[PDB]
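S.K.: My questions will all concern the structure given below.
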Amino acid sequence: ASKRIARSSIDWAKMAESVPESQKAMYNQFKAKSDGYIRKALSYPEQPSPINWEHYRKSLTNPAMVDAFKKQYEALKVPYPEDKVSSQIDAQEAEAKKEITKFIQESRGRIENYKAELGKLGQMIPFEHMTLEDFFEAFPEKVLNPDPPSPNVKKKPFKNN
Amino acid sequence: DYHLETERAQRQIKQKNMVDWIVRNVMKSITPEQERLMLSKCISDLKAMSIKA
């Protein structure tokens, strides 16, 4: 065989284009630990050495033992090992799908907010033609009667003590 | 490999004791009449070589 052990893999090229290095440094483990499961996959084929039964027939006076061992070898076939991690991986995949849907929704909301802010700043009156009240309408911090005052109403003339 | 080694060891042991028993029986196989016959045959072979000059 050697199909899904020796001559298959997953494309890591698209994997490295998203990971933010220190945020996803476990990918350095994931590309390496799975490579260990590739390194043992370099070994371990289905049939590592076919048995030359003719050689044992020639090398033994009684070839009935060779025929019996050949019949016992052909009568035994090992199947694929049992799996119990498939349901766990499917559950993790479903939880990932829910979290990705939530994160996409939050990204859509943030994109809509950023596009609204960009459009509002594009549509603002330029500062050359801006009266001091249109500036205070577009920037509603202003300076009010129930507000921390100063003769130089600045970003740090009050409190800060 | 175990079956091959076991059969080869038994064959080697069988060959060794067969050879030793053959040597012992050949040393026990000599009779004076056959000794005289072999001596006469050796003399005849020596005379035949004497003819071939």
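Letters A, B, ... mark the chains of the structure tokens in the order given; residue numbers begin at 1 per chain; ligand numbers begin at 1, in order shown.
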Just list the residues in segment 60-113 of chain A DSSP gives alpha helix (DSSP H) on the backbone, as a ChimeraX atom specification.
M.R.: /A:64-75,86-113
S.K.: Sort by chain and increasing residue number a table of all residues of chain A within 8 Å of chain B, each with its closest pair of atoms and their distance in Å to one decimal, counting only C-alpha atoms, and write it as CSV.
M.R.:
residue,atom,partner,partner_atom,distance
A:56,CA,B:4,CA,7.8
A:59,CA,B:4,CA,7.4
A:60,CA,B:4,CA,6.7
S.K.: In Å to one decimal, how far is atom CA of residue 148 of chain A from atom CA of residue 121 of chain A?
M.R.: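 That distance, rounded to one decimal, is 27.5 Å.
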S.K.: I'd like the neighbourhood of residue 54 of chain A as JSON, numbers by chain, where a residue qualifies if any of its atoms comes within 12 Å (using only C-alpha atoms), though same-chain residues fewer than 5 positions away should be ignored.
M.R.: {"A": [59, 60, 63, 64, 66, 67, 70]}
S.K.: Please save C-alpha atoms of the selected residues as an mmCIF file, in the first residue's frame.
M.R.:
data_model
loop_
_atom_site.group_PDB
_atom_site.id
_atom_site.type_symbol
_atom_site.label_atom_id
_atom_site.label_comp_id
_atom_site.auth_asym_id
_atom_site.auth_seq_id
_atom_site.Cartn_x
_atom_site.Cartn_y
_atom_site.Cartn_z
ATOM 1 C CA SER A 59 17.250 -25.472 2.097
ATOM 2 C CA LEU A 60 15.087 -28.000 3.995
ATOM 3 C CA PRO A 63 9.300 -28.841 2.725
ATOM 4 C CA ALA A 64 5.990 -29.573 4.493
ATOM 5 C CA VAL A 66 7.528 -24.426 4.687
ATOM 6 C CA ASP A 67 4.137 -25.065 3.066
ATOM 7 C CA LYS A 70 3.131 -20.275 4.078
#
